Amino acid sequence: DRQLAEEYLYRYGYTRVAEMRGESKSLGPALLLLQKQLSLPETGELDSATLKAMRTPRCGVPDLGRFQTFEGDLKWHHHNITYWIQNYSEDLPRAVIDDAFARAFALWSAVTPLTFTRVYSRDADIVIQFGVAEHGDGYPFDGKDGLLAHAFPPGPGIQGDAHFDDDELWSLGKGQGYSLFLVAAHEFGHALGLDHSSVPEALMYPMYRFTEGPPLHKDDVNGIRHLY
């Protein structure tokens, strides 16, 4: 359990922030940062709630800090965001996958001055890929469960892109599997410039939770209103 906690705190940025605070050795300061960021009781202990959180499938984007240094100011500076579905999981029919991505974009288009347009080339702003383990960007996926997907903030090249771990069973969240619609809606939030939310019910909260309700909450809508 201590191994899992050390890796989780490293991967998602908590260990680095604790180091920058001289805090540095014991796991406690980093755990407190994680509890604050995930809205868990702030105990500073590797307790049952925190271990349960660390074991929950989630987005692979860091919570504090970023994957790397990125180019530009991390928002788009044009209004018609193009996207390319580069490949497909075989878990769902192609038409269902296409429609899941279109619906996830429709969530954001209603609450932003952006439009989303499907294209068929690498020139797209948002390139959408399914992959497993190392899949071409040096941020490898991890097999079944754990990390589900990740995305990159607006900008050139890999920036704006969204990747889905095809070692997950992709469905619409009914019966078995993870909802491609919900995870895509979350990842497209990053591809527009949003970070994770600390509100557990918000779409941009990092842990996966299935819901049949409307995916956007106030924190998500106000996040994108406070960007564009």
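In this text, residue numbers run from 1 along the sequence as written.
S.K.: Would you please confirm whether residue 24 lacks atomic coordinates in a third or more of the other entries that were compared?
M.R.: That residue is missing from at least a third of the other compared entries.
S.K.: How about residue 67: is it missing from at least a third of the other entries compared?
M.R.: Residue 67: unmodelled in at least a third of the other compared entries.
S.K.: Mind pulling up the entry and telling me whether 22 to 30 or 197 to 205 has the higher mean Cα temperature factor?
M.R.: Between 197 to 205 and 22 to 30, it is 22 to 30 that shows the higher mean C-alpha B-factor.
S.K.: With reference to the PDB entry, specify whether the mean Cα temperature factor is higher for 103 to 111 or for 136 to 144.
M.R.: On average, C-alpha B-factors are higher across 136 to 144.
S.K.: Per the entry's Cα B factor values, which of 161, 168, 63, 42 stands out as the maximum?
M.R.: Across 161, 168, 63, 42, the entry lists the biggest C-alpha B-factor for 42.
S.K.: Looking at the C-alpha B-factor of residue 5, is it in the lowest, middle or highest third of its chain?
M.R.: Answer is middle: the recorded C-alpha B-factor places it there.
S.K.: Lowest, middle or highest third of the chain for the C-alpha temperature factor of residue 37?
M.R.: As the PDB entry reports it, the C-alpha B-factor of residue 37 lands in the highest third of its chain.
S.K.: Could you look up the Cα B-factor of residue 180 in the entry and say which third of the chain it sits in: lowest, middle or highest?
M.R.: Within its chain, residue 180 is a lowest-third residue by C-alpha B-factor, going by the deposited values.
S.K.: Ordered by C-alpha B-factor within the chain, which third holds residue 55? Give me lowest, middle or highest, please.
M.R.: Middle third of the chain for residue 55's C-alpha B-factor.
S.K.: Consider only the C-alpha atoms of the modelled residues in this chain, order them by B-factor as the entry records it, and name the third containing residue 46: lowest, middle or highest.
M.R.: Its C-alpha B-factor belongs to the highest third of this chain's values.
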